[PDB]
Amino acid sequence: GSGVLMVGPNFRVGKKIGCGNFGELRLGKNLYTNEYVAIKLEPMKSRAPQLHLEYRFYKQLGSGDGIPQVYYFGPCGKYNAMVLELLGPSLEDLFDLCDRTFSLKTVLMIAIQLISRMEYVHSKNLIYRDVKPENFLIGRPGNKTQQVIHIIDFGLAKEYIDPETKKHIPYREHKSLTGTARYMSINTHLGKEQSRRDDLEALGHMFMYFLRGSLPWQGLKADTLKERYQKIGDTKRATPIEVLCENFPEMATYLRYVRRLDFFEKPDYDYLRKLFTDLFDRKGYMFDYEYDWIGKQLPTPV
């Protein structure tokens, strides 16, 4: 017939964008509004579905600061598709663009926003569980949120507050490891159920990754994922916070605070934000959204 893929009544499906995926993320256009969007695709033949309830997570998160807007969820040929707001490049893309190292001012502007971002997710009874530079995207040049750090991909998310009982999920171990090893909390490595603290510790590992240029357990390889996970975990436990965060006292304080959080414990997000805003003010920085990548040549979907 037409040979063109449509999602819903108005979404024309475009070229696939980004790296990785393998066809799962495509540029799209809302023909009714003449606006571009991002379209996430999942083969209806999938072994491990995630799309539909991620969509539900996007709904639960509702409209929120730094949360991409979701417009549609529906069948598209042999895929299920989720149409959402198109954003800009990820922190990982930007990191490469900035020669794999961010200034403290940039990391703090990022950290302050992400603690709030994670607190928001947590306020909706969800724990993220997929912290990494690739899942944090800036907005688009012009759609006035380009300086806002957004959080995407809630495929590994989980409700940590049982909706009926209204109780925190029970503690338990023997959870299989799947997340990204480089940033995961030490407890995640131990096979323990993840909770709020774990999202915050992963953020800490990522902040240090940005500040140092790399993490000390980063190049560990093994004959089995399980073994790699075990080596990385061993090195994380074997690297003293004071050493990992040398030259960044606030980061060391942030990190050991979260590392010491109890499984059920609500993090003191205000306390964590203040560690960074006080530092920010002390260094004489001004929160003006002028990241290290500002002025560089940024990548694009279109």
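So that there is no doubt, residue numbering starts at 1 and follows the sequence shown.
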| query | finding |
| --- | --- |
| 215-223 set against 121-129, stretch whose average Cα temperature factor tops the other in the entry | 215-223 |
| Mean C-alpha B-factor comparison - 12-20 and 275-283, higher one | 12-20 |
| C-alpha B-factor winner, where the candidates are 170, 142, 204, 89 | 142 |
| Candidate residues 76, 115, 148, 157, the one whose C-alpha B factor the record puts highest | 76 |
| Chain-relative CA temperature factor third for residue 134 | lowest |
| CA B-factor ranking of residue 94, expressed as a third of its chain | middle |
| Ranked against its chain, the third holding the CA B-factor of residue 50 | highest |
| Modelled-residue ranking by C-alpha temperature factor, third containing residue 241 | highest |
| Third of chain Cα B-factors occupied by residue 64 | highest |
